[PDB]
Amino acid sequence: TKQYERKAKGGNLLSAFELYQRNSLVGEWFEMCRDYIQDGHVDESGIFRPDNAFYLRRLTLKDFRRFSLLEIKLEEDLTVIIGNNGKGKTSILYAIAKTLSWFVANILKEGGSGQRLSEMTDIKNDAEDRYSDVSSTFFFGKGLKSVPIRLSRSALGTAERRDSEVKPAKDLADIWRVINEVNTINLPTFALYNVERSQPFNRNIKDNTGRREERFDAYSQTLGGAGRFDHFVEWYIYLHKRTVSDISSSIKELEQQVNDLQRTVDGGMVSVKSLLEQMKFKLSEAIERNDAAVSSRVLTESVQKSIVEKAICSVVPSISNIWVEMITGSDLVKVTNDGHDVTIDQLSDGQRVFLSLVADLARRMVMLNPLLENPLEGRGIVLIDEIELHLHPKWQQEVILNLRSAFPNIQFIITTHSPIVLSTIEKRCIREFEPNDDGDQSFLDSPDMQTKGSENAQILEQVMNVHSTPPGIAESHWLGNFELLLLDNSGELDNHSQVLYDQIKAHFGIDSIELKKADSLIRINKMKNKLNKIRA
Amino acid sequence: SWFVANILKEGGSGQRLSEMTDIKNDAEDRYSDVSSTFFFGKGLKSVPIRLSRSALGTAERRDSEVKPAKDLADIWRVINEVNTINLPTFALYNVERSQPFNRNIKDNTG
RNA sequence: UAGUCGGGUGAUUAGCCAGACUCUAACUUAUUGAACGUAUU
DNA sequence: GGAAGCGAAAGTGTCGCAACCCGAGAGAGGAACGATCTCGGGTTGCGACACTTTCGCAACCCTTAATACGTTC
Ligand SMILES: [Mg+2]
């Protein structure tokens with residue numbers, strides 16, 4: 001109508017799409033939708049930025065599990081959830097993953113269904129209303145500032161049923177699906193990495209049926225919690241084989257075989273006609289696949305391989321190189337780890353688990369963003385539980401910075417209990433989870449203290465409520481006691497203070513921080529007393 | 001199954017006739033109907049239900065008529081929520097009831 | 001026996017009384033339209 | 001007819017298990033090596049069940065109705 005036309009010309013994506021669907025100026029509306037999704041600019045740092053960003057803004061949980069009512073505001077870039085009560089933290093990530101299942105389902109199939117809330121486990125046990133709600137609001141540029149979705153479930157036997165409200169999510173996912181069908185676009189990545197990602201590696205890898213090469217394999221088990229590192233390895237070996245081979249040589253060889261078979265049928269051998277028809281079909285299929293590959297605007301296998309290799313080596317500190325070796329009629333992925341060439345099964349658990357996360361994520365981003373110069377600059381939402389899992393302090397100090405550098409437009413929602421990780425993150429990104437004895441909280445608060453660039457010891461005390469020295473060790477209190485003894489006299493070493501000083505010296509050593517502090521205390525108190533005498 | 005579904009949930013869905021097996025093989029019309037009337041006292045002498053299905057392939061599709069079942073089941077459900085009432089039992093025991101027993105298998109589902 | 005029909009009574013959609021019927025076998029429905037009854041004209 | 005959300009019905013694919021095979025290795029009897037038993041890695045077939053697809057219940061009442069009271073369709 002004229003109203004839709006005005007709104008569409010004003011930049012409203014849904015109105016433009018509705019006009020496109022009714023008329024199917026059809027070309028103009030299609031172009032407007034496609035430009036809304038694809039337009040973007042390269043910033044001063046050389047990073048591509050979409051003009052219309054996609055992220056989760058807000059989440060509300062009503063009578064869900066232990067929560068009566070909980071509201072969370074999320075940052076566009078990075079949100080970190082902290083707290084001792086780690087079972088509630090995981091509940092929050094589960095709620096988000098279920099919501100994201102609705103986008104994935106509808107990008108894959110018209111009328112796709114995402115996941116539903118459980119009547120048994122998701123409804124709070126003492127809920128008066130006997131239903132549960134998970135409400136989410138997404139943002140997609142100024143044209144679509146609010147995309148609300150609600151997942152709901154009522155108890156059995158209630159007077160009224162509580163149904164989910166998913167139409168806005170489906171409408172948006174439909175735009176992505178339909179526009180992509182006509183003309184390839186870049187698509188959003190959704191992924192969940194739970195503690196399940198720590199699992200051992202099956203060294204034996206499965207024969208390539210060729211599901212892994214299909215673009216929408218990027219959405220396979222993406223919200224399951226462990227990634228699919230096995231799928232990566234299969235896909236990566238596949239890429240290697242194609243790079244070493246020529247593409248269309250099989251077509252040229254098949255073309256030659258069909259030509260040879262055609263000559264035989266022309267020479268009077270009618271018995272081989274059935275075989276010719278089969279080979280012609282194979283040739284047509286190969287050309288079609290080639291054409292579809294050509295039509296799908298996908299990156300060359302060589303380029304795909306290179307992108308992923310770079311990503312892995314950049315993010316995973318111990319890995320400098322990754323490649324496929326053809327040995328013993330069996331393809332093996334090898335890595336240079338800490339300067340030495342090893343198989344994946346020879347890596348440490350910390351290295352393997354982190355490698356698996358990054359490899360999985362990069363594979364999916366490459367598959368879903370074929371039109372970007374750097375496919376890892378694509379859009380998406382990634383959930384990571386216990387990011388510090390298996391990581392040494394040195395890696396904890398770099399992990400968030402490395403991830404954000406490799407995937408600059410992903411919205412990361414993470415959980416941690418690491419002060420070292422928190423030292424690299426702004427307090428605005430931090431949400432603290434301090435529930436009551438009933439496990440129930442209303443809002444999640446940012447800490448008072450700035451964490452980014454702060455000392456770890458301060459974060460421990462001010463944010464995580466942990467003393468810098470272990471309270472259950474006597475020696476941890478000696479310097480405090482020593483100070484008290486000095487203050488109880490004028491500030492002179494009495495017999496008691498001297499004994500303790502000697503104990504500190506004996507235990508911690510002559511050049512210990514503890515002893516230096518004691519020495520400092522003596523010196524300052526002596527100087528205070530001298531001042532006092534001069535004044536008297 | 002339509003009464004049970006609607007006692008459990010407002011607008012619950014009961015079961016359906018099979019389009020593969022339940023239509024009579026040599027029926028000239030390619031659909032089946034199962035029509036039932038229930039009685040619930042002199043204040044509700046007739047609760048008619050019809051389940052219908054057209055054969056697989058057929059272009060015309062025959063609709064079920066289940067609203068009376070839903071209407072009655074709504075009364076049971078709503079009245080019960082305000083003040084507890086006794087509810088009707090519906091059960092089928094077919095020849096599938098003869099099964100091996102297993103104490104070790106437990107249902108962790110509800 | 002049960003179900004059904006219904007003459008009466010009953011501050012009356014109940015209850016009670018009387019009489020009767022029985023193909024395997026009623027389940028009381030829908031307007032502003034149409035038709036029928038009543039009113040108005 | 002059939003919105004939007006939902007689940008029944010029916011077909012397909014995945015995946016973990018159990019059974020089995022094989023070569024390696026320590027080393028019984030007393031000098032001649034290697035008997036017997038177990039480790040550890042791999043292959044195969046099976047079947048339970050997770051995933052996928054399709055159907056179908058029935059909102060709304062289209063710009064467009066009349067209004068004395070009843071009954072029927
Ligand atoms: Mg009338």
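FYI, side chains are in, hydrogens and waters are out, and symmetry mates aren't considered; it's all heavy atoms of this structure. Letters A, B, ... are given to chains in the order of the sequence lines, protein chains preceding strands, and every chain is numbered from 1.
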**Report entry** Whether A:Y219 and A:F216 hold their rings parallel, tilted or perpendicular, with breakpoints at 30° and 60°
**Finding:** perpendicular
Query raised in the report: Does A:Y94 have A:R65 sitting over its ring (NZ/CZ under 6.0 Å from centre, angle to axis within 45°)?
Result: yes
Query raised in the report: Are any of the side-chain nitrogens in A:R228 or A:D217 under 4.0 Å away from the carboxylate oxygens of its partner?
Result: no
Query raised in the report: Side chain, backbone, both or neither: which part of B:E81 has a non-hydrogen atom closer than 4.5 Å to chain A?
Result: side chain
Report summary line: Among residues 93-110 of chain B, those lying within the under-4.5 Å heavy-atom range of chain A are B:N108, B:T109, B:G110
Query raised in the report: Between the side chains of A:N106 and A:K170, is a donor N or O closer than 3.5 angstrom to an acceptor N or O?
Result: yes
Requested in this report: Return yes if some donor-acceptor pair links the side-chain N/O of A:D440 with the main-chain N/O of A:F67 below 3.5 Å, else return no.
Outcome: no
Report task. Indicate yes or no for a side-chain donor-acceptor contact from B:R30 to the backbone of B:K24 under 3.5 Å, with no hydrogens or angles considered. Result -> yes
Requested in this report: Start with the C-alpha gap between A:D133 and A:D63, add the side-chain angles, then the distance that decides, and say whether side chain to side chain contact (heavy atoms under 4.5 Å, CB included) holds.
Outcome: CA-CA 7 Å; A:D133 286 351; A:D63 292 324; over 6 Å; no
Query raised in the report: Given a strict heavy-atom distance threshold of 4.5 Å, which part of B:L8 is in contact with chain A: side chain, backbone, both, or neither?
Result: both
Query raised in the report: For atom CG of A:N436, is the number of surrounding heavy atoms from other residues, nucleotides or ligands below 6.0 Å larger than 12?
Result: yes
Query raised in the report: Are side-chain N/O atoms of B:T21 and B:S18 paired as donor and acceptor at under 3.5 Å?
Result: yes
**Report entry** Check: A:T415 side chain, A:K89 main-chain N or O, donor-acceptor pair, under 3.5 Å
**Finding:** no
Query - Neighbours of chain A found in residues 48-67 of chain B - heavy atoms under 4.5 Å - result: none
